[PDB]
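Following: one structure in structure tokens, then a few remarks.
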There are 2 protein chains.
Amino acid sequence: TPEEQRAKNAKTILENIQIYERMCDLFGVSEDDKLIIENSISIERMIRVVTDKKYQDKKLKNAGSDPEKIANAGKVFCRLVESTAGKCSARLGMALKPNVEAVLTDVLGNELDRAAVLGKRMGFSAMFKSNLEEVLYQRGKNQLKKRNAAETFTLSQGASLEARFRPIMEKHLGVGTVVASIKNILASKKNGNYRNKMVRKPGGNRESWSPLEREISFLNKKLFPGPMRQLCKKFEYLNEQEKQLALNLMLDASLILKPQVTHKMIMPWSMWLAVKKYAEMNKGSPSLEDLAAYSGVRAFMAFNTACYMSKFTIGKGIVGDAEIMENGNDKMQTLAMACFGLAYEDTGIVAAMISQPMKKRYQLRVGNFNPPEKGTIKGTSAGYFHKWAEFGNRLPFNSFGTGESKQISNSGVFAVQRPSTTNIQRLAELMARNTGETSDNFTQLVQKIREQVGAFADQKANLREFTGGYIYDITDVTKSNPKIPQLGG
Amino acid sequence: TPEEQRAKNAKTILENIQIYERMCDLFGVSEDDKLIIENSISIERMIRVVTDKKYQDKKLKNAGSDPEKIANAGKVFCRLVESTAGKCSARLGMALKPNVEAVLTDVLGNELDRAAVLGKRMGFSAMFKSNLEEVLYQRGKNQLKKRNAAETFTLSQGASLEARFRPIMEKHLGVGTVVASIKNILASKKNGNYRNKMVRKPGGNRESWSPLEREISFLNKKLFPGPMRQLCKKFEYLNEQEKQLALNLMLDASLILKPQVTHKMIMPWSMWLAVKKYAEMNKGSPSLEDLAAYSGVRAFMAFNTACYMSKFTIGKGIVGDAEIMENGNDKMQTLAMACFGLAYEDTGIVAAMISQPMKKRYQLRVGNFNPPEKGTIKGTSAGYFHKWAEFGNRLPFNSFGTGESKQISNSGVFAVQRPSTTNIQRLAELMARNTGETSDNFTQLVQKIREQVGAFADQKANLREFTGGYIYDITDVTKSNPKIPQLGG
């Protein structure tokens, strides 16, 4: 089956490629300029705007009698990079919404109303944009609405998304994204700035239910087994302030605790195009199905492949303010961060894989990715993840558990006078948990969080990776060369 | 929106102008004598007396049977400047309370019972009077009641106000004003010289609550983030002596610490009239909406505009006692101080903006602004703030904060053996602050104040302005010419 999954993935990407090629020709993009990651972003952006069904309802509500509003409902704009003589600039490409719909309906089928097929791939793109926004600008103008601070922001990977995508992206969003959503849903229940809703998810659960259930379900799919998932089960029976308090403490606990939260890679569509043209310029050996997965070393193959000759803008100006500034390899880091979701990964790990030193925001420099008045083109530094690694989704051992099967209330076939490993107390706890015990949960789990943090603050002594874990060479997807990132100071 | 805010402001001032024009004609003021700032003050004064609802309740309580008390309840007096042959004097203007009420109800609407509409503009005027009193005479006869010393007085900007205004003026009053109020409220709880009360504030908070809450809220709106606002949250749970002790130390800390406290400009109503007549004498180019803001360089435009030809009294006598005395430009300084609230601003900054040397009380001379037996008129020195500056409301960087987003408990997708930036200790502090930790706060925050002062006593090395900050020319609202006030001795 996984080979056929790589094939369906390869077709999915080939569709995105065919759309993008058509989009590039549609706005008049020059052949070399098609490679541009900024152009990837611009097309992907335009597709979000067109596909924003909610905002289209609202647009209609204010579209009024004005013939200028009505004509601009037919036009679609795309700010794109165009180059000449090694210099580069923006152009305002324009095509009608039916032109965009034609390409989309042609490649994905007339039933774009299969919200699953278009929304899956566009969720992944919107997530990549959300990633890049998150590394860029700490979401300030959105958090002035979404009302929460920097630590909450760190756990809120993917929370730059338009609301419609948040259901689609369930697995990969950082726990804070869900938490912030719930906290803001309680504000919406005061403010009326919202419409409440009901949904269903085939292949997962045919349950037919609201944001309340949906969020709690996603929260259960994320939280740590035992106490935190038990708080997740309690959650419908917390009062609203108890929900906010619980959310806060769980969010804080999630700053340490790393239960199942899903990584993903999303390279830009122009990098997928770059992979196609690379395969072409390699004369019939690099095969996209070999790269066609949301997981595993195939992702590092694809990124380092893009690291041969892919192209992007350099503005002389900065996403910065002081006189200290730094090079395109920092853009290359930013791209990598956005592509693999590295924003809360270990910089030391990354420093060894990228095989160059890593950084914090006080040090990070980049451009805006938005097509320029004037600037210059640049191409990729070779092989950049000169070491790779195996991906993953949870803590090494989470927390200390019970005996695995022994030390329970002993059985006795043989008629012999005996001691016993008497354990009726934890047996009665297992009965209490499976019967759904409900008295003293909030505080109980608050305390359990307090002491679990302490236990973890011991467990750190070995709580570090899946036990084969090292930064192997690109000559060593074979995991032959186990080596550590750093000793310390 | 800000253009429309300038328009509503311009209408607000035009109303004040129409009231003042009518007031000037009502007491028989000569056309040139209408410009007089002392006349501005006298009208504004009379309006306070009429609008003092509390003191009108008390007046009724002692009005008794006496027909002389009853007739003088109908009369309203106004001591005003009148001039002849370059000499000047007082006249006791008289009009009935209904005459004053007619002008007010005519221009602001019959519902002067819209306490917001009249009280907003009158709070700003009463604040200007409080400013001028504060620079004049260090509030001695009020502080014999309000029981606190010179340093407390310096932080108590606006504390000359009648009580009713203190709620209205919440943003701009110096922190000491609130503090002194709280300390005197505790004395009132012994002495019974008061009635306690309840209020609500739309557009801000629909909470419906007493001076205790109101003061604590205003105090929270002022105090420094972290320790001082945390003391602000504790405050309801301090004992009464602990409140007094805390108030003292916070007040002392506020002598160094400059968290958010709001500047304002209030030029005299006769200076707004002077702006009108100036516009008139300029034949259709100076526009009041261009000047219509409580903030920004528009204020220096208006003051320097008044600096063309505005007029005021010179008495030969002095608010002074020794044989050393000095000129009308010192009145001009006093006016400026009262107009912009400069009383605790840097004299060096002001010396460069006014483009002439600045002073302390041992050097400051002025008149009483109260219409005279005999004296002479004088007019303004030209362009007086020959340099201007950008306004502001808080310290440059307050105090040193955390890392902004990095150096928290690291996440790990990749299965690799690793060090960590282990920071569980400050993570547990963030949990303690968001859970509302309550054991050891008074002393804890006393200590935090002690050490914060020390940290600040280091941080002074750069703690100086918003980083673009200089005394630019009036030819340079364009901020083109960055230059420093002084090097030192």
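Rule-based calculations on the coordinates, nothing more; no lab input. Virtual Cβ from ideal backbone geometry, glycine too; neighbours counted across all protein chains shown.
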All positions within segment B:153-192 that are in contact with a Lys or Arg (Cβ under 9 Å, 6 or more places away or on another chain) and among the β-branched types (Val, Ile, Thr): B:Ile168, B:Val175, B:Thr177, B:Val178, B:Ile182
Scanning segment B:78-128 residue by residue, those within 19 Å of B:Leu14 (Cα to Cα) and more than 26 Å from the chain's Cα centre (by Cα) turn out to be B:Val100, B:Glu101, B:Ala102, B:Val103, B:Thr105, B:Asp106, B:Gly109, B:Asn110, B:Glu111
Name the residues in segment B:31-69 that are under 19 Å from B:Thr380 (Cβ atoms) and not acidic (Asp, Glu), would you? B:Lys34, B:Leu35, B:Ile36, B:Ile37, B:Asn39, B:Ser40, B:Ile41
Could you list, in sequence order, all residues of segment A:359-396 that are within 11 Å of another protein chain (Cβ to nearest Cβ) and either among the aliphatic types (A, V, I, L, M) or farther than 18 Å from A:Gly328 by Cα (or both)? A:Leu364, A:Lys387, A:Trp388, A:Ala389, A:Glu390, A:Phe391, A:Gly392, A:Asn393, A:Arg394, A:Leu395, A:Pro396
Restricting the search to segment A:321-354, which residues are touching a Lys or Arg at 6+ places or on another chain (Cβ under 7 Å), part of a loop (DSSP other than H, G, I, E, B) and away from chain B (no Cβ under 14 Å)? A:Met325, A:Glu326
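Residue check: is A:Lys479 assigned to a loop (DSSP other than H, G, I, E, B), basic (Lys, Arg), within 14 Å of chain B (Cβ to nearest Cβ) and in contact with a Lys or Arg (Cβ under 9 Å, 6 or more places away or on another chain)?
It is false that A:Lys479 is assigned to a loop (DSSP other than H, G, I, E, B), basic (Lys, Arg), within 14 Å of chain B (Cβ to nearest Cβ) and in contact with a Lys or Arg (Cβ under 9 Å, 6 or more places away or on another chain).
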Conditions (1) in contact (Cβ under 8 Å) with a residue 24 or more places away in the chain; (2) under 30 Å from A:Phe385 (Cβ atoms); (3) exposed (fewer than 12 other Cβ atoms within 10 Å of the Cβ) -> A:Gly489 fails only (1)
What pairs can you find where one residue is in segment A:261-287 and within 14 Å of chain B (Cβ to nearest Cβ) and within 30 Å of A:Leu223 (Cβ to Cβ), the other is among the small types (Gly, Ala, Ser) and surrounded by 23 or more Cβ atoms within 10 Å (Cβ to Cβ), and their Cβ atoms are less than 7 Å apart, with a gap of 6+ or different chains? A:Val261/A:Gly174; A:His263/A:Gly341; A:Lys264/A:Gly341
All-but-one check, A:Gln241 against (1) away from chain B (no Cβ under 14 Å); (2) without any contact (Cβ under 8 Å) to a residue 60 or more places away in the chain; (3) within 30 Å of A:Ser439 (Cβ to Cβ); (4) not small (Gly, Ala, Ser), failing number (1)
Within segment A:455-473, restricting to residues that are within 29 Å of A:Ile408 (Cα to Cα) and more than 9 Å from chain B (Cβ to nearest Cβ), the one that is surrounded by the fewest Cβ atoms within 10 Å (Cβ to Cβ) is A:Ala461
Could you please tell me which pairs satisfy a Cβ distance under 9 Å, a separation of 6+ or placement on different chains, a first residue in segment B:118-137 that is under 25 Å from B:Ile318 (Cα atoms), and a second residue that is of a type in the set (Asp, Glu)? B:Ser125/B:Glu44; B:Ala126/B:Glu44; B:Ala126/B:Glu162; B:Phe128/B:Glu44; B:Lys129/B:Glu44
Between A:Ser83, A:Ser65, A:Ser42, A:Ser30, which is loosely packed, with under 13 Cβ neighbours inside 10 Å and hydroxyl-bearing (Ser, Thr, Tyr)? A:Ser65
Within segment B:150-171, identify whether any single residue is more than 28 Å from B:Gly320 (Cβ to Cβ), among the hydrophobic types (A, V, I, L, M, F, W, C), out of contact with any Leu (no Cβ under 8 Å at 6 or more places or on another chain) and outside any helix (DSSP H, G or I), and answer yes or no. yes
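At least 3 residues that are of a type in the set (S, T, N, Q) in each: list the helices (runs of 4 or more DSSP H) lying fully within segment A:30-147 that qualify. Reasoning before the result, please.
Values: elements: A:37-51, A:53-63, A:67-74, A:97-108, A:115-137, A:140-146.
By residue number, A:37-51, A:115-137.
Considering each of B:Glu133, B:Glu101 in turn, give the residue that is surrounded by 14 or more Cβ atoms within 10 Å (Cβ to Cβ), in contact with a helix residue (DSSP H, G or I) (Cβ under 9 Å, 6 or more places away or on another chain), closer than 30 Å to B:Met332 by Cβ and not aliphatic (A, V, I, L, M). Talk me through it step by step, then tell me what you get.
Working: B:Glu101 fails: closer than 30 Å to B:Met332 by Cβ.
Going through B:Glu133, B:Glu101 in turn, the sole match is B:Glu133.
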Selection from segment A:176-204 of residues that are within 30 Å of A:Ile256 (Cα to Cα) and surrounded by fewer than 12 Cβ atoms within 10 Å (Cβ to Cβ): A:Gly204
Search result, residues across segment B:431-454 that are aliphatic (A, V, I, L, M) and either more than 11 Å from every other protein chain (Cβ to nearest Cβ) or within 36 Å of the chain's Cα centre (by Cα) (or both): B:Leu445, B:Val446, B:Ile449, B:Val453
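Evaluate segment B:308-318: report whether one residue or more is closer than 30 Å to B:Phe397 by Cα, surrounded by 15 or more Cβ atoms within 10 Å (Cβ to Cβ) and out of contact with any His (no Cβ under 6 Å at 6 or more places or on another chain).
No, segment B:308-318 contains no residue that is closer than 30 Å to B:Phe397 by Cα, surrounded by 15 or more Cβ atoms within 10 Å (Cβ to Cβ) and out of contact with any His (no Cβ under 6 Å at 6 or more places or on another chain).
Within segment A:138-172, restricting attention to residues that are hydrophobic (A, V, I, L, M, F, W, C) and touching a residue at least 24 places away in the same chain (Cβ under 8 Å), which residue is nearest to the other protein chains (Cβ to nearest Cβ)?
Just the residues of segment A:138-172 that are hydrophobic (A, V, I, L, M, F, W, C), to begin with: A:144, A:149-150, A:153, A:155, A:159, A:161, A:163, A:165, A:168-169.
Pick out the ones that are also touching a residue at least 24 places away in the same chain (Cβ under 8 Å) and you get A:155, A:159, A:161, A:163, A:165, A:168-169.
Details: A:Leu155: 9, A:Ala159: 14, A:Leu161: 19, A:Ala163: 24, A:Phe165: 21, A:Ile168: 21, A:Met169: 16 Å.
Out of the qualifying residues, it is A:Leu155.
Would you mention how many residues in segment B:348-388 are polar (S, T, N, Q) and surrounded by 17 or more Cβ atoms within 10 Å (Cβ to Cβ)?
Here is the first cut: in segment B:348-388, the residues polar (S, T, N, Q) are B:355-356, B:363, B:368, B:370, B:376, B:380-381.
Within this subset, residues satisfying the condition of being surrounded by 17 or more Cβ atoms within 10 Å (Cβ to Cβ) are B:380.
Total meeting the criteria: 1.
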Pull up segment B:404-430, narrow it to residues that are within 7 Å of chain A (Cβ to nearest Cβ) and assigned to a helix (DSSP H, G or I), then point me to the one that is farthest from A:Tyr472 (Cα to Cα). B:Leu430
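Test B:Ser399 against the criterion of being surrounded by fewer than 14 Cβ atoms within 10 Å (Cβ to Cβ) and more than 14 Å from chain A (Cβ to nearest Cβ), and give yes or no.
Numbers: surrounded by fewer than 14 Cβ atoms within 10 Å (Cβ to Cβ): no; more than 14 Å from chain A (Cβ to nearest Cβ): yes.
Against the criterion (surrounded by fewer than 14 Cβ atoms within 10 Å (Cβ to Cβ) and more than 14 Å from chain A (Cβ to nearest Cβ)), B:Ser399 does not qualify.
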